[PDB]
Amino acid sequence: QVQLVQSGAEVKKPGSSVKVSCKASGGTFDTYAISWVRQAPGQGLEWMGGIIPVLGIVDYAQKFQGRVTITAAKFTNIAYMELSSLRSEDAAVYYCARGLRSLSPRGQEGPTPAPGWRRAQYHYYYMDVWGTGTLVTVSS
Amino acid sequence: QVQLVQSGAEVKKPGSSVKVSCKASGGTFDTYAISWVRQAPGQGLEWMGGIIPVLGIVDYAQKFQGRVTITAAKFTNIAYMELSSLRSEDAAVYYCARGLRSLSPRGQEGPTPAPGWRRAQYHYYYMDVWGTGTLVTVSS
Amino acid sequence: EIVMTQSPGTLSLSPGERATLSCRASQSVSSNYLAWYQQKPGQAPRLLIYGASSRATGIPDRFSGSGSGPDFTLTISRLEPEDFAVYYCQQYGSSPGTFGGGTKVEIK
Amino acid sequence: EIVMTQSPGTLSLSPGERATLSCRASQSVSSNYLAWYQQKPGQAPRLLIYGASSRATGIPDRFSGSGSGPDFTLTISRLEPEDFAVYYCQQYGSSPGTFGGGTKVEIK
Amino acid sequence: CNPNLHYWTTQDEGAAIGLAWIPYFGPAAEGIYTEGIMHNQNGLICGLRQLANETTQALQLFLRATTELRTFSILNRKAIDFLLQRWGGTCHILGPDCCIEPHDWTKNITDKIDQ
Amino acid sequence: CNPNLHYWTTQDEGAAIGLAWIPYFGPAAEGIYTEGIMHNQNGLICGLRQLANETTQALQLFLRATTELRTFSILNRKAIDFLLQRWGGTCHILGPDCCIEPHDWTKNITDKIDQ
Amino acid sequence: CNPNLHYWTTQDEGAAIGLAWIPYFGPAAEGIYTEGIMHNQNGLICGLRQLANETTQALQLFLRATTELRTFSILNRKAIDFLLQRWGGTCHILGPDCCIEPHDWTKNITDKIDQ
Amino acid sequence: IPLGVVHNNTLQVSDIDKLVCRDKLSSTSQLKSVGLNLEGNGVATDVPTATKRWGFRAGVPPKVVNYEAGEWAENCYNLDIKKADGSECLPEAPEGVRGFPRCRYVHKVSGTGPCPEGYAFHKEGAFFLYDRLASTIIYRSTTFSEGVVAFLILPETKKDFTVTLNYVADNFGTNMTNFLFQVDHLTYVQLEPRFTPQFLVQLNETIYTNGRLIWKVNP
Amino acid sequence: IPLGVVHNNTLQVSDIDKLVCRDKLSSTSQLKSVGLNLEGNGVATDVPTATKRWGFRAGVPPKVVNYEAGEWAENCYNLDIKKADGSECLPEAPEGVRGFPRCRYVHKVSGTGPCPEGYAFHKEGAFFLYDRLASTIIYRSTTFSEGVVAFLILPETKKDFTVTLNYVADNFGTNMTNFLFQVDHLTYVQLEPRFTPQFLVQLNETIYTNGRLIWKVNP
Amino acid sequence: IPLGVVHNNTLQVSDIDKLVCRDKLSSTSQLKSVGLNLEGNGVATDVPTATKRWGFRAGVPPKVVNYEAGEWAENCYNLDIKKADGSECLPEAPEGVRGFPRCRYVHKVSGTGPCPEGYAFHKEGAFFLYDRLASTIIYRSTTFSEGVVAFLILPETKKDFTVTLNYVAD
Ligand SMILES: *[C@@H]1O[C@H](CO)[C@@H](O[C@@H]2O[C@H](CO)[C@@H](O[C@@H]3O[C@H](CO[C@H]4O[C@H](CO)[C@@H](O)[C@H](O)[C@@H]4O)[C@@H](O)[C@H](O[C@H]4O[C@H](CO)[C@@H](O)[C@H](O)[C@@H]4O)[C@@H]3O)[C@H](O)[C@H]2NC(C)=O)[C@H](O)[C@H]1NC(C)=O
Ligand SMILES: *[C@@H]1O[C@H](CO)[C@@H](O[C@@H]2O[C@H](CO)[C@@H](O[C@@H]3O[C@H](CO[C@H]4O[C@H](CO)[C@@H](O)[C@H](O)[C@@H]4O)[C@@H](O)[C@H](O[C@H]4O[C@H](CO)[C@@H](O)[C@H](O)[C@@H]4O)[C@@H]3O)[C@H](O)[C@H]2NC(C)=O)[C@H](O)[C@H]1NC(C)=O
Ligand SMILES: *[C@@H]1O[C@H](CO)[C@@H](O[C@@H]2O[C@H](CO)[C@@H](O[C@@H]3O[C@H](CO[C@H]4O[C@H](CO)[C@@H](O)[C@H](O)[C@@H]4O)[C@@H](O)[C@H](O[C@H]4O[C@H](CO)[C@@H](O)[C@H](O)[C@@H]4O)[C@@H]3O)[C@H](O)[C@H]2NC(C)=O)[C@H](O)[C@H]1NC(C)=O
Ligand SMILES: *[C@@H]1O[C@H](CO)[C@@H](O[C@@H]2O[C@H](CO)[C@@H](O)[C@H](O)[C@H]2NC(C)=O)[C@H](O)[C@H]1NC(C)=O
Ligand SMILES: *[C@@H]1O[C@H](CO)[C@@H](O[C@@H]2O[C@H](CO)[C@@H](O)[C@H](O)[C@H]2NC(C)=O)[C@H](O)[C@H]1NC(C)=O
Ligand SMILES: *[C@@H]1O[C@H](CO)[C@@H](O)[C@H](O)[C@H]1NC(C)=O
Ligand SMILES: *[C@@H]1O[C@H](CO)[C@@H](O)[C@H](O)[C@H]1NC(C)=O
């Protein structure tokens, strides 16, 4: 049994860059897509792109374009999100999960290409393994 | 020069199992017979079975049958006595010692044959190196 | 991303009572790949159902899902005190997949 | 097991005094393999004699043993403060080997 | 098959080299090969590939049968078999197998016959 | 001695294998030998053991005298000595030196005389 | 050049060893060589020094053409080329190429012709 | 081993059991081991296929043979195959083994998968042709072509007889395998088996021009 | 190095300088290297003997030859011998060496002793026969038979020419080696030289049946 | 590769294409690989010369040939050279390599320097003669003579056929 674990809670200033971390703790993250959520108070789980240390493609959520970096070192057991331009709306409990425990090209779907232009593909699957949460408190 | 070191004094409750440890400390215990005694107050040295880490067989004392495990890991420098079903009679200072630092045939003695039945044989020699002792206090 | 909502949003139930939770996607979910998961406040979520109805590993018989297209449900038999969690849905049959806002199950 | 006793059991001696300690086995010791060793309270024991009479490594001339069969002795010359120890015997001439109850040497 | 052969071989020539024979005074690894392109004259190029495929099965059967990791010995061993096949240390002059050419020997024999 | 021989050899035959010729599609290590039992025909079995023991001394003196750890080429070298012994690059026939048999050449001398 | 040669060689002599043939009953290091001192009769050794320097060029050009790292089969290869050079196919009896000595066949051929 | 002989510019095959007295071998300089590529037989040389042509088995002693001459390859492979945890799948090339330097394109492939214990090997027994060495085993980061070998006696006559592609593997052949063609960590091509090395370069130039994470051909 | 020759199933031996015009060698396929065991020669094959007939010396290089065929062994050894502190006694076998797979019984031996520096060699020079390989040195955890190697020429004719016993060692020959045969990790029997592999099996099965730390045969 | 041939104590050199019907090779025992030293040829054998004879280059596969006999060496060298950063410069001798057995003096040298990537080797192509092994490479702590290798044919006849210095590199 692998227990995904988040770092503890912390208080951050607006505009800062928060490195949100998850440790595999009883496994590694090597080739699996580690999906993330933002459980802002009163909200559901807002999704962020999957991290694959040994990546081909990793994703980025549309609502976090330019805001969240999805990244990990190859063959590591620590996965990270980099949340830039932090706002009080981002105060949330963050969680990691294994959302497709093998990012083969099978997990690569998307809108079709146009003649002369191409759309990229990515598809994550069931978040079967979920970790503990970290509360990021954000001032403003 | 090797000087055996026994753990220090401890207080234990009756019914417990005390694993008494001794370090070779300037040697190892590898193939050597490490004999043990129990110096209960008012008594002499009650003998316990010799331990060979890299064992074929190890010995046992009759008074400790079903009471003491004679054991050490292969090629280690730590030797142990597991004193189960502890009673007030076991309140004693325990010591480890080197005697016959090579289990071999001179170290294989015992009752004579009775055809149809077999006897195990083990023997230890003069104990030249004695370690420090551990007082195990046993409640009642 | 994909829009998802949940309903009734609140279920006032007695332990031992059977009740049904509903989730609705703005789009049909391919292969009926909708997940259900639950957490009580202060807890990490656990996957209950995947594939609209199939039970996730280690999930008791009390949890049984259903549905097709964009329309899915979870029926919980003999709801236990430990199950008065906020239930959430997530679409995995499409991409980007998406989460709903949750349905709260609470003791009556 | 094997029974062994020691005697007189107490020796009140002056430093510098010569004295003899005795050990008795219930059985003859093969090859006269009786050991003598001594400890003061708080000390680990040290082998003095092995083989009934032979001196153990690092042992001064003041210690000399003797005996045969089950009957053995240790003579200590010029007894020093460091030698007002409890002396014990052990049989290595049989198996399992055995220990005596000790003979106490004390200052007069 | 492919009748167009782009081939290479080793620059194993002797009188090609002056003082560059010293192995640390030249490429000594990549720049020591030749190349060229040839047509399938007489069907040789595709014929060789078929030979090579037939040889491959025979060879792995011969390789599993040995202990040596690296075969360097095949060219020498086969040169030895070539002479042994022609002459296995035994010879019959009148045997068609000893690979003897007595055609001018005959002339020396008849020159003697005629004296 | 033990007059009998229980022996094994390598399956070094030719097309004895179908598709299992690929080393990764068959035993390729333990199941690639043959075996049998033979009697002491002509005293051969115990005779060979003595030869092998005499050979062992000759062989280890050789090994001590060389630098090659795995002299697997030793038997090809032996084949070379067979050929050199038999014909050291020079072929004499009147003595049994090249082991050529000219004896029935008499018939070809006779035929030349009669042409 | 130096006409006074101190040389050493391998103790490769066959019947030189009694029971010391056993790998760990002989010196196995320094006491496994023979040696001596000779005068340079006819300037032979100085001639060999020149040969060895010319050979080194030919040899390294050869070595650079292969993949074998530690060879010795190279001298056996010279024995093979010797045999192939001399009899690489057919034997031309009266040819300068076979190095067959048919000349004394005259004794046996003449005896037959004379009958 | 049959021996091919070139005679009167014709390749003839001399069965070993048949004696051909006209064949003259004056020197071992006439004896050449030739490495030939599996291209000259008209078969597919792409990555998905090559992966299908590879697999693993333990209990097989390793084997290497040398060679002196050979064919040029349109395509070679350079493999550095790892397990999901980063450990090696392939053996290290032993001393003396070097990657084959005569390839117009080299399909360098990495990525991860389960790598069942054994040596990676060719399914039809083709030899991996390394620089002047051939084996039945794939070695780490070492370039090779796939091929066959032949041994010939040559006549005494004076005849004398790049682009790196980078791919991301997916479990190395476990029924379902897909590859990506990588240009950069942000730039990929989904790899479809019907496309050539030239195609991949041309598509790389197109994506490169148009701002560059993984894109399709869209024919 | 003499060469045996087989003529009408009769051994003849051809000396290096003796020319035999009847020895017909059409190819090297007739040349064989044969490993024979030190069993059919009438010597003791037990464990104590094997220890006695072995010894060590440092500064003696390793030597290896191969063979294609040989005898089956009644008695093989597989040794994993350690110094008292756990350091390895025997050298690692080099790559390509495999334990000999043709043994009815394998005397697998472990235990400890002083292991004088050097390589372990046979006292009369017998070879350690590994799978298809003969060498002068005993290698760690590798099965071998002990024997001699013959070379010979065969006529062109169509003739085509398990149980592990676990023991524990005592000091490797320091004027005594009391071996115990292991029945289980808690059951050992005094090894007596007249107890054959077969008797050891019977002793193991019998005491196991009867409930089994040391025992003796008491015959 | 030419072969020297000894004829009644006279030398002739046999070319590959030179056919001599007079040369009989009854056994491979008549063939020798001989390691000759760079000494009797009148060259300097001193310390700075030996160093000038050595240099480094990468990209060269290593090569070894054996030899059976050779000349006594008055001047052998033994190098155990480290890099400027303290790590080993020279390659380890491979299995089977021991130094030259017959040296009057051994010019053993240690010390450090920048160690250009490559193998230390002879400028003239001379071989490093080790115990019955000749190579193109210098190995750690191993004694060698400097020399050349001849191959030759001998007649069938019964002719049969230390001080340590301690230097530092800069
Ligand atoms: C020497 O020359 C011979 C021909 O004379 C070659 O032998 C055959 O070559 C053909 C290709 O031309 C091979 O055919 C293909 O084999 C692939 C591999 O299959 C292996 O694994 C399966 C189990 O999954 C086994 O049953 C099979 O025997 C093999 O071990 C298949 O995947 C191929 O099928 C796919 O492609 C074809 C188009 O090519 C489609 O029609 C199919 O639907 C499918 O998508 C195909 O079958 C054939 O296997 C070779 N062997 C034999 C015995 O016929 C030798 O390979 C060549 N020597 C060397 C070293 O290459
Ligand atoms: C090739 O074939 C030959 C025979 O033609 C074998 O050579 C002899 O074989 C006999 C056995 O048949 C050997 O005899 C025995 O030698 C033992 C070893 O002696 C040496 O080592 C000990 C220990 O270090 C030294 O003390 C001793 O001085 C020697 O240096 C002896 O220990 C044996 O004696 C014991 O056993 C016999 C019964 O066999 C009892 O009668 C004795 O009382 C005693 O208990 C015995 O002498 C003989 O030594 C071998 N060599 C020679 C020159 O004769 C080859 O071994 C064989 N080679 C191969 C590779 O198989
Ligand atoms: C086989 O035998 C032949 C001779 O028949 C030897 O071949 C050449 O021999 C000459 C004479 O010994 C060598 O010449 C010497 O080279 C030294 C090294 O110079 C290097 O560095 C300079 C730059 O500083 C470069 O220009 C040059 O090319 C080299 O890379 C010089 O230092 C020597 O100079 C001294 O001696 C000469 C007289 O010989 C004086 O005139 C000078 O003033 C000075 O005192 C000299 O020039 C030549 O290098 C050898 N050839 C090769 C390829 O090395 C073979 O060496 C020999 N082979 C073997 C294996 O033994
Ligand atoms: C894809 O095309 C680009 C553009 O030509 C290649 O990048 C250039 O490579 C050459 C070397 O061959 C360098 O000198 C240029 O500086 C590179 N230009 C860049 C990065 O802008 C690129 O290598 C090609 N492909 C792949 C598959 O990696
Ligand atoms: C000694 O006896 C035991 C008990 O039968 C043998 O061990 C069994 O071996 C078989 C395989 O042949 C296994 O399936 C059993 O599970 C084993 N049993 C136990 C308890 O381990 C053992 O091989 C015998 N050893 C000998 C003859 O050397
Ligand atoms: C491949 O498919 C077969 C059925 O044809 C199945 O038994 C096997 O487990 C599958 N292997 C993998 C790796 O999916
Ligand atoms: C073996 O016995 C001899 C006396 O015969 C003795 O000198 C030697 O030291 C003893 N060796 C060992 C290892 O005990």
# chains A, B, ... in the order shown; residues from 1 in each chain; ligands from 1
>>> residues_around(residues="residue 84 (chain F)", least_positions_apart="6", cutoff="9 Å", atoms="only C-alpha atoms", output="ChimeraX atom specification")
/G:79,83 /J:24-28
>>> residues_near_ligand(ligand="ligand 1", cutoff="12 Å", atoms="only C-alpha atoms and all ligand atoms", output="count of residues only")
59
>>> atom_distance(atom1="atom 17 (C, counted along the ligand's line) of ligand 5", atom2="CA of residue 214 (chain I)")
20.1 Å
>>> residues_around(residues="region 141-148 of chain J", least_positions_apart="4", cutoff="8 Å", atoms="only C-alpha atoms", output="PDB file with N, CA and C atoms, in the first residue's frame")
ATOM      1  N   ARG G  49      66.325  -6.668 -35.275  1.00  0.00           N
ATOM      2  CA  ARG G  49      65.793  -5.432 -34.711  1.00  0.00           C
ATOM      3  C   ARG G  49      65.124  -4.621 -35.818  1.00  0.00           C
ATOM      4  N   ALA G  52      61.807  -6.331 -36.708  1.00  0.00           N
ATOM      5  CA  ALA G  52      60.784  -6.117 -35.705  1.00  0.00           C
ATOM      6  C   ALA G  52      60.134  -4.744 -35.797  1.00  0.00           C
ATOM      7  N   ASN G  53      60.920  -3.686 -36.121  1.00  0.00           N
ATOM      8  CA  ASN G  53      60.438  -2.316 -36.289  1.00  0.00           C
ATOM      9  C   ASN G  53      59.503  -2.216 -37.524  1.00  0.00           C
ATOM     10  N   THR G  55      57.968  -4.831 -38.883  1.00  0.00           N
ATOM     11  CA  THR G  55      56.889  -5.730 -38.536  1.00  0.00           C
ATOM     12  C   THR G  55      55.888  -4.986 -37.709  1.00  0.00           C
ATOM     13  N   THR G  56      56.353  -4.164 -36.770  1.00  0.00           N
ATOM     14  CA  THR G  56      55.471  -3.380 -35.920  1.00  0.00           C
ATOM     15  C   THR G  56      54.568  -2.517 -36.781  1.00  0.00           C
TER      16      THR G  56
ATOM     17  N   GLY J  35      59.455 -10.346 -28.644  1.00  0.00           N
ATOM     18  CA  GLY J  35      59.483  -8.977 -28.151  1.00  0.00           C
ATOM     19  C   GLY J  35      60.931  -8.497 -28.049  1.00  0.00           C
ATOM     20  N   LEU J  36      61.273  -7.489 -28.829  1.00  0.00           N
ATOM     21  CA  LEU J  36      62.635  -6.981 -28.875  1.00  0.00           C
ATOM     22  C   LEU J  36      62.625  -5.636 -28.214  1.00  0.00           C
ATOM     23  N   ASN J  37      63.697  -5.266 -27.531  1.00  0.00           N
ATOM     24  CA  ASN J  37      63.658  -4.002 -26.814  1.00  0.00           C
ATOM     25  C   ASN J  37      64.230  -2.862 -27.639  1.00  0.00           C
ATOM     26  N   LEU J  38      63.818  -1.634 -27.339  1.00  0.00           N
ATOM     27  CA  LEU J  38      64.363  -0.458 -28.021  1.00  0.00           C
ATOM     28  C   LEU J  38      65.630  -0.038 -27.303  1.00  0.00           C
ATOM     29  N   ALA J  73      65.714  -6.741 -20.856  1.00  0.00           N
ATOM     30  CA  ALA J  73      65.650  -5.290 -20.904  1.00  0.00           C
ATOM     31  C   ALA J  73      66.525  -4.666 -19.845  1.00  0.00           C
ATOM     32  N   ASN J  75      66.434  -1.355 -19.398  1.00  0.00           N
ATOM     33  CA  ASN J  75      65.601  -0.259 -18.924  1.00  0.00           C
ATOM     34  C   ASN J  75      64.093  -0.451 -19.159  1.00  0.00           C
ATOM     35  N   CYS J  76      63.362  -0.844 -18.097  1.00  0.00           N
ATOM     36  CA  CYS J  76      61.908  -1.000 -18.081  1.00  0.00           C
ATOM     37  C   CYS J  76      61.324   0.206 -17.363  1.00  0.00           C
ATOM     38  N   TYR J  77      60.072   0.501 -17.599  1.00  0.00           N
ATOM     39  CA  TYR J  77      59.432   1.625 -16.949  1.00  0.00           C
ATOM     40  C   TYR J  77      58.207   1.105 -16.250  1.00  0.00           C
ATOM     41  N   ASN J  78      57.789   1.763 -15.191  1.00  0.00           N
ATOM     42  CA  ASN J  78      56.594   1.318 -14.465  1.00  0.00           C
ATOM     43  C   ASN J  78      55.781   2.511 -14.036  1.00  0.00           C
ATOM     44  N   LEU J  79      54.617   2.700 -14.609  1.00  0.00           N
ATOM     45  CA  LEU J  79      53.948   3.938 -14.296  1.00  0.00           C
ATOM     46  C   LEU J  79      52.705   3.765 -13.455  1.00  0.00           C
ATOM     47  N   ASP J  80      52.564   4.626 -12.465  1.00  0.00           N
ATOM     48  CA  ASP J  80      51.386   4.670 -11.616  1.00  0.00           C
ATOM     49  C   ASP J  80      51.058   6.126 -11.461  1.00  0.00           C
ATOM     50  N   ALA J  93      45.597  -2.529 -15.451  1.00  0.00           N
ATOM     51  CA  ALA J  93      46.011  -3.606 -16.306  1.00  0.00           C
ATOM     52  C   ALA J  93      44.863  -4.604 -16.354  1.00  0.00           C
ATOM     53  N   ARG J  98      50.732  -8.862 -16.318  1.00  0.00           N
ATOM     54  CA  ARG J  98      51.768  -8.773 -15.314  1.00  0.00           C
ATOM     55  C   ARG J  98      52.869  -8.021 -16.036  1.00  0.00           C
ATOM     56  N   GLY J  99      53.804  -7.395 -15.324  1.00  0.00           N
ATOM     57  CA  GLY J  99      54.853  -6.656 -16.021  1.00  0.00           C
ATOM     58  C   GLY J  99      55.956  -7.545 -16.566  1.00  0.00           C
ATOM     59  N   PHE J 100      56.856  -6.933 -17.313  1.00  0.00           N
ATOM     60  CA  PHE J 100      57.938  -7.621 -17.974  1.00  0.00           C
ATOM     61  C   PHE J 100      58.778  -8.314 -16.891  1.00  0.00           C
ATOM     62  N   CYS J 103      64.037  -7.428 -16.291  1.00  0.00           N
ATOM     63  CA  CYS J 103      64.475  -6.031 -16.317  1.00  0.00           C
ATOM     64  C   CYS J 103      65.699  -5.883 -15.416  1.00  0.00           C
ATOM     65  N   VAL J 106      64.170  -0.768 -13.233  1.00  0.00           N
ATOM     66  CA  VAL J 106      62.808  -0.355 -13.476  1.00  0.00           C
ATOM     67  C   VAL J 106      62.620   1.081 -13.075  1.00  0.00           C
ATOM     68  N   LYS J 108      60.338   3.170 -12.292  1.00  0.00           N
ATOM     69  CA  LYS J 108      59.025   3.358 -11.750  1.00  0.00           C
ATOM     70  C   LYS J 108      58.801   4.831 -11.469  1.00  0.00           C
ATOM     71  N   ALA J 126      55.864   2.116 -30.910  1.00  0.00           N
ATOM     72  CA  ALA J 126      56.524   1.022 -30.222  1.00  0.00           C
ATOM     73  C   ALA J 126      55.529   0.398 -29.264  1.00  0.00           C
ATOM     74  N   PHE J 127      55.743  -0.854 -28.950  1.00  0.00           N
ATOM     75  CA  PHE J 127      54.916  -1.578 -28.013  1.00  0.00           C
ATOM     76  C   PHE J 127      55.413  -1.470 -26.594  1.00  0.00           C
ATOM     77  N   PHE J 128      54.479  -1.561 -25.683  1.00  0.00           N
ATOM     78  CA  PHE J 128      54.788  -1.645 -24.283  1.00  0.00           C
ATOM     79  C   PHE J 128      54.855  -3.128 -24.020  1.00  0.00           C
ATOM     80  N   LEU J 129      56.026  -3.621 -23.655  1.00  0.00           N
ATOM     81  CA  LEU J 129      56.166  -5.054 -23.507  1.00  0.00           C
ATOM     82  C   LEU J 129      56.059  -5.440 -22.057  1.00  0.00           C
ATOM     83  N   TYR J 130      55.034  -6.197 -21.801  1.00  0.00           N
ATOM     84  CA  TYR J 130      54.600  -6.698 -20.526  1.00  0.00           C
ATOM     85  C   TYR J 130      54.910  -8.170 -20.488  1.00  0.00           C
ATOM     86  N   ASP J 131      54.468  -8.870 -19.471  1.00  0.00           N
ATOM     87  CA  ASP J 131      54.830 -10.266 -19.395  1.00  0.00           C
ATOM     88  C   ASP J 131      54.188 -11.085 -20.468  1.00  0.00           C
TER      89      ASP J 131
END
>>> interface_residues(of="chain I", to="chain J", cutoff="10 Å", atoms="only C-alpha atoms", output="PyMOL selection string")
chain I and resi 16-17+61-63
